[PDB]
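Visitor: Below is the structure I would like to discuss, written out as structure tokens.
No Cβ is skipped: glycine too gets one built from the backbone with ideal geometry, and neighbour counts run over all protein chains shown. Computed from the coordinates by the stated procedures, all read-outs in this text should not be read as laboratory data.
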Amino acid sequence: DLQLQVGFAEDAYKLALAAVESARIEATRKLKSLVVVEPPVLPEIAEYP
Amino acid sequence: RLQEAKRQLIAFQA
Amino acid sequence: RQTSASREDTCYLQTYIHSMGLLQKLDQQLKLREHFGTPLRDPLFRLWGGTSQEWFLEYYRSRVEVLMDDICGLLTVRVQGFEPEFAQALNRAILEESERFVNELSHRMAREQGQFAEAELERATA
Amino acid sequence: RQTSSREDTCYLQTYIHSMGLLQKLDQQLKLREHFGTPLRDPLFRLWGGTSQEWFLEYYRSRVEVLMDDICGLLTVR
């Protein structure tokens, strides 16, 4: 019974450390990017007025 | 929880 | 087409062809201004010297026509010129730059993932 | 785009014309100093000592955000 209890504790600890590591690595990755079809241009003349 | 379980196991070994 | 539904990239190309970013490369590679300023005989359809960059972009957009077929999903490009060889070369350069830009769009998203993976590997090694 | 669609463009369209972005832009580039430079015309210049709401309205008047529905493309002028 004590062996089963400590095995459950070890399993809980390893799954918890896996979860915290996964959350940590996810929390820093560059998930989304902004692609630029046309970058900002440098105007030569004035469009307005 | 793991610390408490290990403490119980090492206490009941004797 | 994707090398192993695809309207997004054809729309990207439709926007990209008529952009100053492509026009700068095209003029640096083919000297569009020199070719389009040659026909001094008519003043209505020639690129006058000393004109603004915006007018150059407007003239280039007038010369190059892009049409879409949604029911068939095909993009047709007609490029005008004052010599046939120049028109063919401009069309070829447009197609090559379009393919390069399409690939570069995904490569840009891949490079940051590569840097992130390198940093993760470094910390794991430590 | 997602690195491994129509919602992030909406978030961007709302975010570009927001005061939270405008305060960062002013702290970075000092838009208030630049938009008050032309003293000759009074219609299109940012008068000194104006309300923050008026500054936000002026910024929304200057920066223009357009979106191609069919394409999902956002153009900023």
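Visitor: Distances longer than 13 Å among the Cα atoms of chain D: what percent of all pairs is that?
Guide: Value for chain D (Cα pairs over 13 Å): 72 percent.
Visitor: Next up: Per DSSP helix of 4 or more residues, -39500 (n - 2.57); summed, then divided by the residues of the protein assembly as shown. What does that give at 222 nm, rounded to the nearest 500?
Guide: Value at 222 nm, helices only: -18500 deg cm²/dmol.
Visitor: Among C:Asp9, D:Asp69, what is the fewest-to-most ranking by other Cβ atoms within 10 Å?
Guide: Ranked by crowding around the Cβ, least crowded first: D:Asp69, C:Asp9.
Visitor: How compact is the protein assembly as shown by the rule of thumb for globular proteins, expressed as Cα Rg over 2.2 N^0.38 Å?
Guide: Against the empirical 2.2 N^0.38 Å value, I get 1.57 for the protein assembly as shown.
Visitor: Tell me, how many Å apart are the Cα centres for the stretch C:88-126 and for the stretch A:33-47?
Guide: Here the answer is 20 Å between Cα centres.
Visitor: Which of the peptides D:47-53, C:113-119, C:20-26 is most tightly packed, and how do the rest follow, going by the mean number of other Cβ atoms within 10 Å of each residue?
Guide: C:20-26, C:113-119, D:47-53
Visitor: Quick one: net charge of C:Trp48's neighbours, Cβ under 14 Å, K/R +1, D/E -1?
Guide: Result for the local shell: -1.
Visitor: Indicate the gyration tensor shape class of chain A (rounded, prolate or oblate), computed on the Cα atoms with a ≥ b ≥ c the square roots of the eigenvalues: a/c under 1.5 is rounded; otherwise a/b larger than b/c is prolate and the rest oblate.
Guide: Verdict is prolate for chain A.
Visitor: Within the protein assembly as shown, count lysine pairs with alpha carbon atoms under 28 angstrom apart where the residues are 8 or more positions apart or belong to different chains.
Guide: Value for the protein assembly as shown: 4.
Visitor: Calculate one ³J(HN,Hα) per residue across the stretch D:20-34 by plugging θ = phi - 60° into the Karplus curve 6.51 cos²θ - 1.76 cosθ + 1.60, and present them in order as whole Hz with x for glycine and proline.
Guide: x, 6, 5, 5, 4, 5, 5, 5, 8, 10, 6, 5, 5, 5, 6
Visitor: For peptide B:2-12, how many partner chain Cβ atoms fall within 10 Å of a residue's Cβ, on average?
Guide: The shielding value for this peptide is 4.
Visitor: Partner chain Cβ atoms within 10 Å, averaged over the residues of C:107-113 - can you pull that number for me?
Guide: Counting Cβ atoms of other protein chains within 10 Å of each residue's Cβ and averaging gives 4.
Visitor: Ranking D:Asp41, D:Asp68 by Cβ neighbours within 10 Å, fewest first, what do you get?
Guide: Listed from fewest to most nearby Cβ atoms, that is D:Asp41, D:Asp68.
Visitor: Turning to a different aspect of this structure: Can you tell me the relative contact order of the stretch D:24-77? Whole percent, Cα pairs under 8 Å, sequence separation 6 or more.
Guide: Averaging sequence separation for qualifying contacts and normalising by length gives 18 percent for the stretch D:24-77.
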